[PDB]
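[1] Enclosed are the sequence and the experimentally obtained structure.
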Amino acid sequence: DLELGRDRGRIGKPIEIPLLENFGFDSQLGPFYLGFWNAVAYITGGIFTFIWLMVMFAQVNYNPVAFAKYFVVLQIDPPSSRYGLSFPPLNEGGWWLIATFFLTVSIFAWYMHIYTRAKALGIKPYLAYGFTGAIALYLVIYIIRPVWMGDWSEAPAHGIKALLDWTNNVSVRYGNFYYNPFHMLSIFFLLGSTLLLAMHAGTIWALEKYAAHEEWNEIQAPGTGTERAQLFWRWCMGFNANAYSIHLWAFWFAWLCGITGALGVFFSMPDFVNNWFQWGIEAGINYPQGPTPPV
Amino acid sequence: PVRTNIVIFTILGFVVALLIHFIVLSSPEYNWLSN
Amino acid sequence: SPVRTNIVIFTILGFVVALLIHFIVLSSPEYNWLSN
Amino acid sequence: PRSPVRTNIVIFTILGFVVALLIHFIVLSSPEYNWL
Amino acid sequence: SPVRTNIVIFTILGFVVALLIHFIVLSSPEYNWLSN
Amino acid sequence: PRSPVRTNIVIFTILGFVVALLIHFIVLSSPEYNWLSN
Amino acid sequence: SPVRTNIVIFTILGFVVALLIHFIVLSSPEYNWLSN
Amino acid sequence: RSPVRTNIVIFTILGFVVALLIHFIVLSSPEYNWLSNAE
Amino acid sequence: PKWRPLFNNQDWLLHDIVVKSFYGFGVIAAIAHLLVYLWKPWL
Amino acid sequence: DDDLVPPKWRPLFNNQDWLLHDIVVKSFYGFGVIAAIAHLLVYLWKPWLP
Amino acid sequence: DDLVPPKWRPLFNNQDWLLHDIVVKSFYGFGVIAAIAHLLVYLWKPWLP
Amino acid sequence: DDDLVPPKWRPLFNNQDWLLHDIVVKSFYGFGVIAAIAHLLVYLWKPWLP
Amino acid sequence: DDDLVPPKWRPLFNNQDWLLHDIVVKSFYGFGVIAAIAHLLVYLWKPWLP
Amino acid sequence: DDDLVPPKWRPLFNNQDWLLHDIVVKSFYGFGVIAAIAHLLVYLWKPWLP
Amino acid sequence: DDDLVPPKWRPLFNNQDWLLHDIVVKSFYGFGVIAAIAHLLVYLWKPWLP
Amino acid sequence: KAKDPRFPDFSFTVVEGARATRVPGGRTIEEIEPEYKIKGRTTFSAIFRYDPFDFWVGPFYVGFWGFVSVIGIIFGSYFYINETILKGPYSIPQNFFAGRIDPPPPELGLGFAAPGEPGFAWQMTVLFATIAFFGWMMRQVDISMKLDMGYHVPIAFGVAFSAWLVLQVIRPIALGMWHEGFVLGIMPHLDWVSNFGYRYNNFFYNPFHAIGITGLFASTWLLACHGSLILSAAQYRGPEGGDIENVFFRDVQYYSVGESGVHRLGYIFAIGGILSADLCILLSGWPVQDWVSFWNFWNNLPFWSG
Amino acid sequence: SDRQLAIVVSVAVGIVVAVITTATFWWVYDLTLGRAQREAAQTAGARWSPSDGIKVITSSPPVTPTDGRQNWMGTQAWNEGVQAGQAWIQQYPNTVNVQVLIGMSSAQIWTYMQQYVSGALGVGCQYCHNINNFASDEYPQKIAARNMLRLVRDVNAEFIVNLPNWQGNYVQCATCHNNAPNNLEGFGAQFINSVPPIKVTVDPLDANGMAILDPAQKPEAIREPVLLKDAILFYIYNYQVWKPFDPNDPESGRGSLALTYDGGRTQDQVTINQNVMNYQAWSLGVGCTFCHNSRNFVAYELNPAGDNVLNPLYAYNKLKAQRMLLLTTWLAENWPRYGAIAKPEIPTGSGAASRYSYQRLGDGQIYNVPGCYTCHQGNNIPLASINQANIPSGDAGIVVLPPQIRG
Amino acid sequence: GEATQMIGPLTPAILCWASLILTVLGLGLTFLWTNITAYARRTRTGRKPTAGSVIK
Ligand code: HEM
Ligand SMILES: CC(C)=CCC/C(C)=C/C=C/C(C)=C/C=C/C(C)=C/C=C/C=C(C)/C=C/C=C(C)/C=C/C1=C(C)CCCC1(C)C
Ligand SMILES: CC(C)=CCC\C(C)=C/C=C\C(C)=C\C=C\C(C)=C\C=C\C=C(C)\C=C\C=C(C)\C=C\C1=C(C)CCCC1(C)C
Ligand SMILES: CC(C)=CCC\C(C)=C/C=C\C(C)=C\C=C\C(C)=C\C=C\C=C(C)\C=C\C=C(C)\C=C\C1=C(C)CCCC1(C)C
Ligand SMILES: [Mn+2]
């Protein structure tokens, strides 16, 4: 909310590409807005990107061809379980710690940037309230669970293939994450969000002819376009949701996925749940296992 | 012309100080919090 | 002059720095007074 | 503004820095030529 | 108006290039200055 | 006198550099020609 | 009628099929002019 | 008019793809391998 | 200019480009298959 | 305008696409000649067809 | 408004024609230097024979 | 209406901003004074430096 | 508005940004000498370079 | 506006852009000649090529 | 709005943008000498090219 | 607004006057519903002149395809309940989670079972569920032509139906056995989804699975951002009415894809990921049986040997 | 029915063309690759016969030994070796120097050796024997063969005949040699080309089941950060069981690779463990559900529920894998005793084996130790292993596999 | 019963059943609320707008 800039924080002049209008997309790349918070976010993100890329590059002994070849499988490891929450020497966890701190600062600065910019323009800051869910998931996974168990070693490594490896490792270590009451709810909300986006986007694209994509003008005054969507869904399944209600559904279905699932990640530790399949056995939802070998 | 350049400057003065402090603290002998 | 904005940003920076310093000092393996 | 030469120049210059970086890194990763 | 945006990109390029070889030199065990 | 000689020219320069890059990299990856492996 | 875009697809198709044929020929153990 | 232009492009794409795949299949065969035979 | 309300003299030229190519395709392909199968035949 | 384009192909073409396609065709035939030379000279090195 | 070749009037103006000329001349400069490099590397170590 | 603001920093400040800034100055300086005692107590309990 | 600022630095400045900006140099330098003293004491504690 | 430009490159270069092309052309040789000297020096250290 | 810039660079830029493009050149020249003196100390410490 | 004359349109038109039918307070269900109840335009009423199915029984449009879907729903649900919840390991409340239906045995191959053999239930349930889903597909097609709309919702539901059809028909047909489907039952189907994919050595290293994961996550992110934008800007009444949304994103994300653009992008985001997931399932087991070592070709590529 | 019938005609035509082109493509596949694939597939899955090694013996260039031995490769050398064996068994019908194969006549020794010791290693008589005097041990290769004959008896009797659901397969001389005398491959191409080059820290399990975190209490090879492949090798050659399999509880049978229990390791060690299990899957040419159920990797199911993606023989395979992990740690422990020639430096060039099959054992010497892929080579049942149903009963079976090394 | 894997004072079966029941109940209630307030409502009190069209 310092906003720097020349003209209300915006530097430069708009750039217009008329080709994008043909496919249905807006033709202007606007003036760039530089504020305090987005400047901090950009600086911290650049530092994090530099640290990540350079620590990966040093592992292949600065070979560009080997860097390109092994870029996906290269990773930065967190501190080992021996150090707990302490600061290890570099190249064995210090690099991970510095990069994680700067990434957290970048995320918080971006949240402040969107909150401030929504307030400045007069609209309500509902984009930041929704970003709070992704922030919660990231915070839990990276800091809160590791700091709670006192091991940095349970946070994901800094690589493209490292995230997939961490997902598989966490699921395997804590017993078949499919038996997670919150990861089940998380899957419900995520798949429901994808389904919701599919139906809503398909409806609006179909009703493009009736100016149903002008949602701002149809919230206050529906018109024939909104009606030929409400009736479509009412005839399809027996209930509909006007322009305002459907966006509430979208926002809530998207946000709840972060919270229900941050809870799932948080509870997956020896203090609360160690075996999720044993949890399901105690819940009686498993198909019965069977006899042990005779021997 | 100069207000932006002051703020940007500053937030660099801060990020670089944080970076050097972390690198100094992570080094084994220079760790003053382990003894 | 953005005196109010600078005041708020300065206080938030102080809070963040104090939190980080407390975390780093308490997590260090010499100063965690959990030996009592 | 009779020609885009004032922006093409920046593209050529950025082409120079990237090629210099790539060649420098390739030579630095050579076991023969490692100077550090 | 004349382009005077080079000054900003050029300062950033200087910072990035200086930070690059201040990291590469650290990675080298012999040229390290932070062990003892 | 309107048609995209410039657009074809700027795409005719990137393609050659990309091809040369790749061509050089393959010959450097061959153990019998790699100069920086003696 | 599109003649200005069917010769862009023509050129890309020819270039891609040349790439593939050279790659396939270079991979054969009897046809390998580099590693021999 | 009705569509005959889509048919022309689809037919060319299908012919090219089938020819490429059939060549690959022929090339993968030990007997018909022509760029790998020694004696 | 064609008693064929489906094409027009334009798009019944384009079409015709495709209708030749096939005739040359058949002859050269038959020659290639004959040459190949004349050197290592099948059943 | 269409003065250069031959009269048969009035529907699709205009003047400049005729020139573009003509240079494309000439490039294609020169390409074919050079490729034929390369294929013949390669066949004398290591035949791939008995 | 162009003094380009009586043939290539429909596509070329002096500005674009001058641009096309430079890259045309540059391509043949590329050619002789690439021929020099290929001939030199062929004498150093033949690959194709 | 900026009689309280001294002529020195008149254009950058008005009455309310100056009033807030005086409070901020006192707060920061007392903050440092308490910091001195805190770091003194810490150093006479667990010296990290020599 | 433009008197305390110079007779050369005038298209680039006015009174308020000249102050607001003159404060920064005094902070900069003063930090700087503090940092020099801190670096001297740290190097006395242990040298990192021969 | 275009005065010092060569007469052939009038449609493309006015004074502003031509005076920039001149310095870029010069620097190319100020980033030329230096690079050749560097390579010559590195060559007689260990030749990469026979 | 310029009356200090050299004659040949007048049409390009004014006093405002060339006054700070003397500050940047003074930074570059001097940034160079500090870099050279710093480099020589390291080259005496351990040569990296023999 | 500046729609690039030298390229094909591909953009909407707004037909004649569907911009002035906007009542400033919203119409009730009473006036809206009779307006667009035209009697005709059905993918049956066009071929066969005059069809019925006691149309509209409440809020719902019955239709011929609705009847087909009702028949399929009744029979498939009967079979699935009768041998998932009725017959299972534990009590009926607990059997909901743990009940299962298993595919036919391998030696059946591609062929029907008998009314009582181990696999008849899977075959009948999948056939009747496919019929019900097809009926729902064509009912959605019918409702769209009722209101003169695009068929994008039927197309996306067809993409989902294509995922289901791949999984339960195409891969079993291509591999020659019905003993390649997936178990029916909420927790048994999770167990199957685990074991399949673990038997291919860490399904995470599937390229098309990664593309589908990206599509899913990006669709959720787009939904969140779009909902937040509309909810925040719904209450704004100022200088720029609808552009208050474009300028806000241009301040945040320096493109601000338009109002129609975001919906088109969401459609592509939702459908492409599921299409890639279909491809991943199709390629899993037929050509390749190991996904970790499938990347063995990456090491031997010409430019990477050292 | 207006002129819009054109689109449906187009659809019908494009469906017909798709049907005919797919049918013709599959006809071409049957005519070229389907035929070629099926002959090649028949070769795979067939057992190993003594003729396989005789063919490579007789169809190889003669070699010139530098250590004072005659050429042992080639049809002529094979012929004269067989003729000299005939002469020797004519001279002495009773053996005079056997120490492991006690109780065999000289004719059965000749017959057993010329098949299952010659084809097994793909070398002629001249490798270890002296043609003129057979019984004399002149070269270290014969001492190695003696000790390695002892290894067959020990390994069979200690691990193989003990296996639950044994199936009947013994280990002969060809099971890990696979018609190759020396420099055998311990890890396949999938392992070397599919394991990422990253550095990891591995925490071994203590005898009670807990982890050892401080480096000073760890085995020597893992006290420093190591590559993933080297940690895989350490786990393979340092495997122990701290919770012996008790059928009465389903959470038993946990060894050095156990993760999900009350004590437990962190998420990091799952990468190393899963890479070890990936190597095991690659060695046998099977998936992860060959022994495990993805719903929980701890169970020993016996009769699993979902059979389409699982192996019905789940628990027996899991227990066999545990026993052979113990076997390929016992081999590392006792390799110097069973006649293995120590290598000075790890061989490099043409003939070497992947650099991972060469290990530095306890007495600071480099050996070529076996691995999981050595005896398997992509098959869950080793194709060079002999089934007891393929062994004739009695006099003829003495030639095939000796009862002395049967266990 | 002694459940080893407890999340606070919550048995596994209670947590699963409560999660399912709460999700279904909430979904039904939100469906009813959304369908009721879709169109403008007409009664003797007044004409309530559709969902949020009177910025109050
Ligand atoms: C690539 C697929 C595989 C995966 C993901 C996998 C995963 C795992 C995991 C997570 C464990 C530790 C589980 C624990 O808590 O008990 C484990 C252990 C084990 N696995 Fe695997 N495994 C795989 C393949 C295999 C295969 C093919 C076999 C059999 C040949 C196998 C045999 C075993 C055995 C015996 C154990 C117990 C080891 C121990 O107790 O020390 N695994 N596996
Ligand atoms: C064995 C033996 C015998 C030896 C071992 C050898 C060894 C290991 C030693 C190595 C030593 C090294 C490498 C020393 C390096 C010192 C450096 C880089 C100092 C930089 C100072 C930079 C300084 C003071 C910069 C000051 C900048 C100022 C005052 C800038 C001011 C300004 C700014 C920023 C904005 C605008 C206004 C203004 C121009 C006034
Ligand atoms: C590798 C294996 C294994 C087999 C082989 C693999 C294979 C697939 C194909 C073989 C070959 C190909 C495709 C060679 C193709 C080469 C080309 C097209 C190069 C670009 C050239 C032109 C060049 C660089 C000249 C360019 C333009 C220049 C120099 C400057 C241009 C201009 C622009 C930018 C505008 C402003 C300034 C100016 C007007 C001067
Ligand atoms: C024994 C009898 C005894 C039968 C046994 C079994 C059998 C022989 C066959 C079964 C099936 C077939 C018929 C396979 C045939 C296949 C295909 C799909 C070919 C590729 C085609 C496309 C061809 C050749 C021509 C293609 C495309 C062109 C010319 C593109 C053209 C055009 C562009 C791009 C747009 C407009 C302009 C232009 C006309 C130039
Ligand atoms: Mn919308």
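    Sure, I can see it. Numbering: from 1, shown residues only, chains lettered A, B, ... in the order given. Ligands and ions are numbered 1, 2, ... in the order given.
[2] From here on, just use CA atoms for contacts and neighbour counts.
    Fine.
[3] mind checking how far the closest residue to residue P:136 other than its chain neighbours is from residue B:17?
    Using C-alpha to C-alpha, 6 or more residues apart in numbering or on different chains and skipping the chain neighbours, the partner closest in space to residue P:136 is residue P:69 (5.9 Å). Noted for residue P:69: a distance of 68 Å to residue B:17, by C-alpha to C-alpha, to the nearest Å.
[4] all helices for the chain, in order.
    With no chain named, the answer covers chain A. Applying DSSP state H to chain A gives helices spanning A:19-23, A:36-59, A:64-70, A:94-120, A:126-139, A:145-149, A:160-173, A:181-206, A:215-220, A:223-237, A:243-267, A:276-283.
[5] sorry, should have said chain Q
    Under DSSP H, chain Q gives helices at Q:5-29, Q:35-43, Q:50-58, Q:75-91, Q:106-116, Q:118-121, Q:140-155, Q:174-177, Q:189-194, Q:228-237, Q:268-284, Q:314-334, Q:372-376, Q:395-400.
[6] The longest one: which residues count as buried?
    By neighbour count with 16 or more other C-alpha atoms under 10 Å in any protein chain shown, helix Q:5-29 contains the buried residues Q:10, Q:25, Q:29.
[7] Buried residues of the helix or strand where the residue nearest to residue P:136 lies, list them for me.
    Assessed by DSSP states H and E, residue P:69 sits inside helix P:64-82. For helix P:64-82, the neighbour count (16+ other C-alpha under 10 Å) marks P:64-73, P:75-76, P:79-81 as buried.
[8] right, is the helix or strand following it up against chain R?
    With elements assigned by DSSP H and E, the helix or strand that comes after helix P:64-82 is helix P:92-98. No. Figure legend: helix P:92-98 not in contact with chain R (C-alpha under 8 Å from any C-alpha of the partner chain); closest approach 9.9 Å.
[9] First-to-last residue distance for stretch A:211-228?
    Chord length of stretch A:211-228, first to last residue, is 11 Å (C-alpha to C-alpha).
[10] Quick check: buried residues in that stretch?
    Judged by neighbour count using 16+ other C-alpha under 10 Å, the buried positions of stretch A:211-228 are A:211-228.
[11] now that stretch, how far from the chain's geometric center?
    Taking the mean of its C-alpha atoms, stretch A:211-228 sits 30 Å from the chain's own mean (C-alpha atoms, centre = their mean, to the nearest Å).
[12] And the contacts of stretch Q:250-261?
    A:172-175, A:274-275, A:292, Q:204-205, Q:235, Q:239-246, Q:264-265, Q:270, Q:273, Q:298-300 (C-alpha atoms under 8 Å, 6 or more residues apart in numbering or on different chains).
[13] can you check stretch Q:365-383 too?
    Among residues not part of stretch Q:365-383, those counted as contacts by C-alpha under 8 Å, 6+ apart are Q:45-48, Q:175-177, Q:183-188, Q:280, Q:282-286, Q:328, Q:331-332, Q:335, Q:340-346, Q:357-361, Q:384.
[14] try stretch Q:226-245
    Q:195-202, Q:206-209, Q:221-222, Q:252-256, Q:272-273, Q:275-276, Q:325-326, Q:328-330, Q:332.
[15] Can you get me the start-to-end distance on that stretch?
    One end of stretch Q:226-245 sits 31 Å from the other (C-alpha to C-alpha).
[16] Can you mark which positions in that stretch are buried?
    Within stretch Q:226-245, the residues that count as buried by 16+ other C-alpha under 10 Å are Q:227-229, Q:231-243, Q:245.
[17] what about the residue in the stretch 151-300 of chain P that chain L sits nearest to, is that helix, strand or coil?
    As assessed by C-alpha to the nearest C-alpha, chain L sits closest to residue P:251 within the stretch 151-300 of chain P, at 28.3 Å. Under DSSP: H, G, I helix; E, B strand; the rest coil, the three-state class of residue P:251 is helix.
[18] In contact with it, which residues are there?
    A:30, A:31, A:32, A:33, A:117.
[19] Out of the contacts of stretch Q:226-245, which end up buried?
    Counted by 16+ other C-alpha under 10 Å, those give Q:195-196, Q:198-202, Q:209, Q:222, Q:252-256, Q:272-273, Q:275-276, Q:325-326, Q:328-330, Q:332 as buried.
[20] Name the nearest residue to residue A:228, ignoring sequence neighbours.
    With sequence-adjacent residues excluded and distances taken as C-alpha to C-alpha, 6+ apart, residue A:228 is closest to residue P:147, at 6.5 Å.
[21] so what's whichever residue of the stretch 101-250 of chain Q sits closest to chain O closest to, chain neighbours aside?
    Residue of the stretch 101-250 of chain Q nearest chain O, by C-alpha to the nearest C-alpha: residue Q:199 (28.8 Å). Of all residues not flanking residue Q:199 in the chain, residue Q:227 sits nearest, at 4.5 Å (C-alpha to C-alpha, 6+ apart).
[22] And for residue P:218?
    residue P:269 (7.0 Å).
[23] related to what we said a few turns ago, please list which of the contacts of stretch Q:250-261 also come close to ligand 1.
    The residues of the contacts of stretch Q:250-261 that also fall near ligand 1, by C-alpha under 6 Å from any ligand atom, are A:172, Q:298.
[24] Pick out the residue nearest the middle of chain R.
    Taking C-alpha atoms, centre = their mean, the centroid of chain R lies closest to residue R:26, which sits 2.6 Å from it.
[25] Now that one: which helix or strand?
    Per DSSP H and E, residue R:26 falls inside helix R:12-36.
[26] And the next helix or strand past that helix?
    Using DSSP H and E, the helix or strand that follows helix R:12-36 in sequence is strand R:41-42.
[27] ranges for the helices of chain I?
    Under DSSP H, chain I gives helices at I:11-37.
[28] Residue in it with the shortest distance to chain C?
    Closest point on chain I to chain C, by C-alpha to the nearest C-alpha, is residue I:11, at 68.1 Å.
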